[PDB]
file upload_20.txt (compact mmCIF, C-alpha atoms)
# COMPACT_ATOMS: atom_id res chain seq x y z
CA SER A 3569 54.22 85.53 112.25
CA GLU A 3570 54.69 88.85 113.96
CA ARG A 3571 54.77 87.20 117.38
CA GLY A 3572 57.30 84.75 116.02
CA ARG A 3573 59.51 87.69 115.15
CA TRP A 3574 59.37 88.97 118.76
CA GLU A 3575 60.39 85.51 119.96
CA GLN A 3576 63.54 85.67 117.80
CA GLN A 3577 64.38 89.18 119.00
CA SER A 3578 63.79 88.12 122.60
CA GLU A 3579 66.04 85.07 122.49
CA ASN A 3580 68.67 87.23 120.76
CA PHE A 3581 68.63 89.69 123.69
CA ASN A 3582 68.90 86.92 126.27
CA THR A 3583 71.99 85.79 124.43
CA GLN A 3584 73.52 89.25 124.74
CA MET A 3585 72.31 89.60 128.28
CA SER A 3586 74.04 86.25 128.71
CA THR A 3587 77.40 87.39 127.30
CA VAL A 3588 77.46 90.97 128.59
CA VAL A 3589 79.80 90.61 131.55
CA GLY A 3590 82.55 88.89 129.58
CA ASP A 3591 81.89 91.15 126.60
CA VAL A 3592 82.38 94.16 128.81
CA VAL A 3593 85.46 92.88 130.56
CA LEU A 3594 87.11 92.36 127.15
CA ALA A 3595 86.01 95.75 125.86
CA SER A 3596 87.32 97.38 129.02
CA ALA A 3597 90.83 95.95 128.94
CA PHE A 3598 90.85 97.00 125.29
CA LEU A 3599 90.09 100.60 126.29
CA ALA A 3600 92.29 100.41 129.32
CA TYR A 3601 95.48 98.68 128.15
CA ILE A 3602 95.62 97.81 124.43
CA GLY A 3603 96.26 101.38 123.21
CA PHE A 3604 100.04 101.53 123.56
CA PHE A 3605 100.82 98.37 121.56
CA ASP A 3606 100.73 97.43 117.90
CA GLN A 3607 98.36 94.95 116.22
CA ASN A 3608 100.35 91.88 117.19
CA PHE A 3609 100.45 92.70 120.89
CA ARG A 3610 96.84 93.79 120.84
CA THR A 3611 95.90 90.58 119.05
CA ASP A 3612 97.86 88.29 121.35
CA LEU A 3613 96.63 90.19 124.40
CA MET A 3614 92.98 89.87 123.41
CA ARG A 3615 93.51 86.14 123.01
CA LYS A 3616 94.99 85.66 126.48
CA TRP A 3617 91.93 87.43 127.88
CA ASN B 3253 105.23 101.44 128.82
CA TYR B 3254 104.22 101.38 132.47
CA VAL B 3255 101.17 99.95 134.20
CA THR B 3256 100.46 101.34 137.65
CA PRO B 3257 97.90 100.52 140.31
CA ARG B 3258 96.14 103.67 139.12
CA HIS B 3259 95.51 101.84 135.81
CA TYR B 3260 94.02 98.87 137.62
CA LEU B 3261 91.61 101.20 139.35
CA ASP B 3262 90.44 102.96 136.18
CA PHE B 3263 90.09 99.50 134.60
CA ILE B 3264 87.59 98.48 137.26
CA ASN B 3265 85.75 101.77 137.06
CA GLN B 3266 85.39 101.28 133.32
CA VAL B 3267 84.13 97.73 133.82
CA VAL B 3268 81.65 99.05 136.36
CA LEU B 3269 80.36 101.87 134.10
CA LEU B 3270 80.17 99.73 131.00
CA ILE B 3271 78.41 96.76 132.56
CA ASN B 3272 75.76 99.26 133.69
CA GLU B 3273 75.61 101.17 130.44
CA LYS B 3274 75.22 97.87 128.60
CA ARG B 3275 72.82 95.99 130.88
CA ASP B 3276 70.58 99.04 131.12
CA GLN B 3277 70.26 99.22 127.30
CA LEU B 3278 69.53 95.48 127.11
CA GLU B 3279 67.01 95.28 129.97
CA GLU B 3280 65.17 98.39 128.77
CA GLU B 3281 64.82 96.51 125.48
CA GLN B 3282 63.91 93.13 127.01
CA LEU B 3283 61.15 94.92 128.94
CA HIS B 3284 59.70 96.34 125.72
CA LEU B 3285 60.10 92.86 124.19
CA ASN B 3286 57.84 91.73 126.99
CA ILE B 3287 55.16 94.41 126.90
CA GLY B 3288 54.87 92.88 123.44
CA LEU B 3289 54.91 89.08 123.67
CA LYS B 3290 52.20 89.34 126.31
CA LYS B 3291 49.99 91.70 124.24
CA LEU B 3292 50.51 89.23 121.39
CA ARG B 3293 50.33 85.82 123.05
CA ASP B 3294 47.15 87.29 124.53
CA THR B 3295 45.50 88.57 121.38
CA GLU B 3296 46.45 85.13 120.03
CA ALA B 3297 44.52 83.31 122.79
CA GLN B 3298 41.66 85.75 122.49
CA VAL B 3299 41.43 85.26 118.74
CA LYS B 3300 41.96 81.51 118.98
CA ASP B 3301 39.13 81.68 121.51
CA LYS C 3811 78.32 103.54 96.86
CA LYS C 3812 76.06 100.52 97.31
CA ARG C 3813 77.74 98.98 100.36
CA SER C 3814 77.43 102.31 102.22
CA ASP C 3815 73.94 103.67 101.52
CA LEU C 3816 72.36 100.19 101.48
CA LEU C 3817 73.60 99.09 104.92
CA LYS C 3818 73.96 102.79 105.81
CA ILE C 3819 70.15 102.87 105.47
CA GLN C 3820 69.42 100.39 108.27
CA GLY C 3821 67.09 103.01 109.78
CA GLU C 3822 64.04 101.74 107.84
CA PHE C 3823 64.75 98.26 109.18
CA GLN C 3824 65.60 100.08 112.48
CA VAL C 3825 63.19 102.90 113.46
CA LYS C 3826 60.54 102.17 110.76
CA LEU C 3827 60.06 99.07 112.93
CA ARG C 3828 61.52 100.05 116.34
CA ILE C 3829 58.53 102.41 116.67
CA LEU C 3830 56.15 100.95 114.09
CA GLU C 3831 56.24 97.95 116.42
CA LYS C 3832 55.15 100.26 119.26
CA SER C 3833 52.25 101.24 116.98
CA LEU C 3834 51.06 97.60 116.89
CA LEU C 3835 51.14 97.34 120.65
CA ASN C 3836 48.80 100.29 120.62
CA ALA C 3837 45.99 98.88 118.45
CA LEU C 3838 46.02 95.62 120.38
CA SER C 3839 45.46 97.77 123.46
CA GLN C 3840 42.50 99.90 122.28
CA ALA C 3841 41.20 96.41 121.34
CA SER C 3842 40.33 93.45 123.62
CA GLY C 3843 36.75 93.00 122.41
CA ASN C 3844 36.12 93.34 118.68
CA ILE C 3845 39.54 92.16 117.43
CA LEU C 3846 38.17 90.64 114.19
CA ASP C 3847 37.13 93.82 112.39
CA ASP C 3848 39.73 96.09 113.94
CA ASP C 3849 41.30 98.06 111.08
CA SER C 3850 44.23 99.43 113.05
CA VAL C 3851 45.11 95.87 114.10
CA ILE C 3852 44.57 94.50 110.59
CA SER C 3853 46.56 97.50 109.33
CA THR C 3854 49.61 97.75 111.61
CA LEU C 3855 50.02 93.96 111.31
CA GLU C 3856 49.74 93.48 107.53
CA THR C 3857 51.76 96.71 107.34
CA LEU C 3858 54.54 94.88 109.11
CA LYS C 3859 54.14 91.68 107.05
CA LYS C 3860 55.41 94.04 104.31
CA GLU C 3861 57.76 96.67 105.82
CA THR C 3862 59.24 93.55 107.40
CA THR C 3863 60.00 91.56 104.21
CA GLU C 3864 62.07 94.51 102.88
CA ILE C 3865 64.84 93.55 105.28
CA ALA C 3866 64.83 89.73 104.98
CA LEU C 3867 65.09 89.27 101.18
CA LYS C 3868 66.92 92.59 100.47
CA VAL C 3869 69.56 91.14 102.83
CA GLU C 3870 69.69 87.92 100.73
CA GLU C 3871 71.17 90.24 98.09
CA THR C 3872 73.51 92.18 100.44
CA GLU C 3873 75.39 88.97 101.33
CA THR C 3874 75.74 88.57 97.52
CA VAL C 3875 76.98 92.18 97.27
CA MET C 3876 79.51 91.59 100.07
CA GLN C 3877 80.55 88.92 97.61
CA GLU C 3878 80.79 91.51 94.81
CA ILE C 3879 82.85 93.51 97.32
CA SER C 3880 85.16 90.59 98.18
CA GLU C 3881 85.82 89.48 94.61
CA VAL C 3882 86.97 93.02 93.74
CA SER C 3883 88.73 93.59 97.07
CA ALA C 3884 90.90 90.63 96.10
CA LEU C 3885 91.55 91.83 92.56
CA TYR C 3886 93.36 94.88 94.00
CA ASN C 3887 95.11 93.12 96.84
CA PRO C 3888 98.47 92.46 95.08
CA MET C 3889 98.81 96.07 94.03
CA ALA C 3890 97.81 97.33 97.48
CA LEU C 3891 100.53 95.03 98.76
CA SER C 3892 103.21 96.37 96.42
CA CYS C 3893 102.28 99.81 97.71
CA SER C 3894 102.86 98.93 101.35
CA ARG C 3895 106.15 97.32 100.37
CA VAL C 3896 107.28 100.32 98.32
CA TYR C 3897 106.59 102.75 101.16
CA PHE C 3898 108.47 100.70 103.73
CA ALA C 3899 111.29 100.73 101.23
CA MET C 3900 111.40 104.52 101.33
CA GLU C 3901 111.39 104.19 105.06
CA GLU C 3902 114.52 102.01 104.99
CA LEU C 3903 116.36 104.72 103.13
CA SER C 3904 116.16 106.60 106.42
CA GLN C 3905 119.37 104.87 107.49
CA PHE C 3906 121.11 107.60 105.54
CA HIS C 3907 120.63 110.92 107.35
call {"tool": "encode", "arguments": {"input": "upload_20.txt", "output": "structure tokens"}}
result
Amino acid sequence: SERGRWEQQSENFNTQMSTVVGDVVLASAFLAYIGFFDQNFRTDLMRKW
Amino acid sequence: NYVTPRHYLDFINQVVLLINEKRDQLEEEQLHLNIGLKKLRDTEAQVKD
Amino acid sequence: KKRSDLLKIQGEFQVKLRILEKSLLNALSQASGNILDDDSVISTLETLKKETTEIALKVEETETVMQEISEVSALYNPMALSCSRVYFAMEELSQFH
């Protein structure tokens, strides 16, 4: 039951490890470019990315 | 607003520092999640034995 | 009050496990031989079977609180809206110096 819990945590971390590059790219642009604009431009920009 | 090469460069540097900062945190946690599943899947074979 | 504290108190479900887990990995180590009577293995484990449950079910209620939250966060919505509209009305007056 305990070991089953580790298995869930593990698979969860492989998922993140699996979406880190794209997750980072997106978070970077956000920190790099988004700032100047308002919600609408931020929103539309994040969608193009 | 103006976007200059200089922005492109910082963008990349951010992407480089964040991919590291993020992977590191995840791998350091996947490792621990492994020092565990072994110790468990083992005690489970031992006990089942 | 609830929404904060509650979910603001993730530490138990965080550290109380993030290190209490490490404490299981210990017992299992000073083990490999007499596993069946090992109190620190029987302890740490059953300890988790509990300290664990706290999260699971207690969460089953937090989704239902987020619901409490939502219901009420909708009941105020119209008024919050009027407010935004009123303010931007005062801002239109700015056309006159």
call {"tool": "closest_residue", "arguments": {"input": "upload_20.txt", "among": "C:3903, C:3845, C:3893, C:3827", "to": "residue 3570 in chain A", "atoms": "all atoms listed in the file"}}
result
C:3827
call {"tool": "residues_around", "arguments": {"input": "upload_20.txt", "residues": "residue 3811 in chain C", "least_positions_apart": "5", "cutoff": "12 Å", "atoms": "only C-alpha atoms", "output": "list in words"}}
result
residues 3816, 3817, 3818, 3819, 3875 and 3879 of chain C
call {"tool": "interface_residues", "arguments": {"input": "upload_20.txt", "of": "chain C", "to": "chain B", "cutoff": "9 Å", "atoms": "all atoms listed in the file", "output": "PDB file with C-alpha atoms, in the frame of the given file"}}
result
ATOM      1  CA  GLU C3831      56.240  97.950 116.420  1.00  0.00           C
ATOM      2  CA  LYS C3832      55.150 100.260 119.260  1.00  0.00           C
ATOM      3  CA  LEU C3834      51.060  97.600 116.890  1.00  0.00           C
ATOM      4  CA  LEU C3835      51.140  97.340 120.650  1.00  0.00           C
ATOM      5  CA  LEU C3838      46.020  95.620 120.380  1.00  0.00           C
ATOM      6  CA  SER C3839      45.460  97.770 123.460  1.00  0.00           C
ATOM      7  CA  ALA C3841      41.200  96.410 121.340  1.00  0.00           C
ATOM      8  CA  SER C3842      40.330  93.450 123.620  1.00  0.00           C
ATOM      9  CA  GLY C3843      36.750  93.000 122.410  1.00  0.00           C
ATOM     10  CA  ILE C3845      39.540  92.160 117.430  1.00  0.00           C
ATOM     11  CA  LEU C3846      38.170  90.640 114.190  1.00  0.00           C
TER      12      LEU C3846
END
call {"tool": "atom_distance", "arguments": {"input": "upload_20.txt", "atom1": "CA of residue 3609 in chain A", "atom2": "CA of residue 3902 in chain C"}}
result
23.2 Å
call {"tool": "interface_residues", "arguments": {"input": "upload_20.txt", "of": "chain A", "to": "chain B", "cutoff": "10 Å", "atoms": "only C-alpha atoms", "output": "ChimeraX atom specification"}}
result
/A:3570-3575,3577-3582,3584-3585,3588-3601,3604-3605
call {"tool": "atom_distance", "arguments": {"input": "upload_20.txt", "atom1": "CA of residue 3824 in chain C", "atom2": "CA of residue 3861 in chain C"}}
result
10.8 Å
call {"tool": "atom_distance", "arguments": {"input": "upload_20.txt", "atom1": "CA of residue 3603 in chain A", "atom2": "CA of residue 3880 in chain C"}}
result
29.4 Å
call {"tool": "interface_residues", "arguments": {"input": "upload_20.txt", "of": "chain C", "to": "chain A", "cutoff": "10 Å", "atoms": "all atoms listed in the file", "output": "PDB file with C-alpha atoms, keeping the file's coordinate frame"}}
result
ATOM      1  CA  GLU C3831      56.240  97.950 116.420  1.00  0.00           C
ATOM      2  CA  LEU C3834      51.060  97.600 116.890  1.00  0.00           C
ATOM      3  CA  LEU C3855      50.020  93.960 111.310  1.00  0.00           C
ATOM      4  CA  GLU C3856      49.740  93.480 107.530  1.00  0.00           C
ATOM      5  CA  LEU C3858      54.540  94.880 109.110  1.00  0.00           C
ATOM      6  CA  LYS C3859      54.140  91.680 107.050  1.00  0.00           C
ATOM      7  CA  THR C3862      59.240  93.550 107.400  1.00  0.00           C
TER       8      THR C3862
END
call {"tool": "axis_aligned_box", "arguments": {"input": "upload_20.txt", "around": "range 3596-3606 of chain A", "padding_each_side": "3 Å", "output": "lines of an AutoDock Vina configuration file"}}
result
center_x = 94.1
center_y = 98.7
center_z = 123.6
size_x = 19.5
size_y = 11.6
size_z = 17.4
